[PDB]
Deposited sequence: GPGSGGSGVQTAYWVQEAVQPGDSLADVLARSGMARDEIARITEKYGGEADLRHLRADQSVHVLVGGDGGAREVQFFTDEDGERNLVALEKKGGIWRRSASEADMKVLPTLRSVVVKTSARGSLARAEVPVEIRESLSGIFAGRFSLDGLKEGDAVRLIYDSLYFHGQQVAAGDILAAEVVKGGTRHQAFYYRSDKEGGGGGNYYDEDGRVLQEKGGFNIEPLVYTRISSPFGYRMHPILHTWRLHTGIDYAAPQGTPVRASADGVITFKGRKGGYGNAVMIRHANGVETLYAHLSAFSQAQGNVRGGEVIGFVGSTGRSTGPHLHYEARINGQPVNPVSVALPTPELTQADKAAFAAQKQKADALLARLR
């Protein structure tokens, strides 16, 4: 009898194009065209979804883009015969995720079995990197986490930042709390003291135009993930290394324009882009010496620096990880205490 609509999932293979994946799914030739007419692009490690109507006609197509610098969540619907970027306020919903796990084999291993996003395992590693090694957790060691999770139409699509984390290694308790204020946040321990190389910011900037993490466009309601920090600064402004390490690259790089990377050791790297010019200071960099100057090369509006920290792999909120953490004043102390208590109430849920 009558046919019902169904979803088709097509994974994205190496250096694949949208039209490519869309074609392997079985989508019509002329249909692929009407789509790519308005929409180095397709984020690998995923799969584009296509809703097929009972009549075999495509009605929707959602997927993630991995453009250089940021990733976009593209949702497209077909109405009246035209593909339009679908979006709405109620589409996404962020919830606090309470995950508790006890180490058995390895720390990173057990956390993976507990359904803990790779992003979080690495973000957690850098946060406590100044107290212990996340890989030195023996059996019986606990890891209690609380982090925002993004749900698209009731379906978990990503993971926000860590709100609080309690780790017990060998019986020693280590706590980390996320604190935000003013008109990104930072991580502090239970006593409000700084946790933990990166003793300075990459430069002197006028203001931070765009923070790290997921954010919804105020009017388009679309969602995008900025894989770094946008430091607004006059072009030509000296861009120095945040810490020691060794520069491993430099030159034009996709939408990043001129950029350089530094392997700060311990399995961590950094990247500064959109530079107007370098300064050629390869080899080992003491940490602090100029390595570039602000510009607007690659995919960028005006002058500013793109700071991106990549722990054991890909993008990770550089805050309190690959940047210095400011001390808490009275303009905080009280507020922080109020926030620490809220997170601890959720933590106690995993004890």
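- Residues of the deposited sequence lacking C-alpha coordinates, counted from 1, fall in the stretches 1-7, 47-52, 197-200, 214-216.
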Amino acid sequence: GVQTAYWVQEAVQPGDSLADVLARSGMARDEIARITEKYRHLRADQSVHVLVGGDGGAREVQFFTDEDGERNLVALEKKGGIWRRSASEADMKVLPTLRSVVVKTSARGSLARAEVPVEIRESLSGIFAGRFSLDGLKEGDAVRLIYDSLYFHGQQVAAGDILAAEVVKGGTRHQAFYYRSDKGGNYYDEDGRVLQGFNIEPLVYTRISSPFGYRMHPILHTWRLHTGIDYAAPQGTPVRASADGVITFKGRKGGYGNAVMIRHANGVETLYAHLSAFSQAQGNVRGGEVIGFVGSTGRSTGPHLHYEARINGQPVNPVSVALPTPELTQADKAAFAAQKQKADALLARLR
From here on, numbers count along this sequence of modelled residues.
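- Stretch comparison (255-263 versus 99-107) by mean CA B-factor in the PDB entry places 255-263 on top.
- Per the PDB record, of the two stretches 82-90 and 245-253, 245-253 carries the greater mean B-factor over its C-alpha atoms.
- In the PDB entry, the Cα temperature factor peaks, among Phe128, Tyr187, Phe152, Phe198, at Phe198.
- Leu42 sits in the highest third of its chain by CA B factor, as recorded in the PDB entry.
- Among the modelled residues of its chain, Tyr147 has a C-alpha B-factor that falls in the lowest third, as given in the PDB entry.
- Annotation for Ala233: C-alpha temperature factor in the highest third relative to the rest of the modelled chain, per the entry.
- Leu203: CA B factor lies in the middle third for its chain, per the PDB record.
- For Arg180, the recorded CA B-factor ranks within the highest third of the chain. Only modelled residues enter the ranking.
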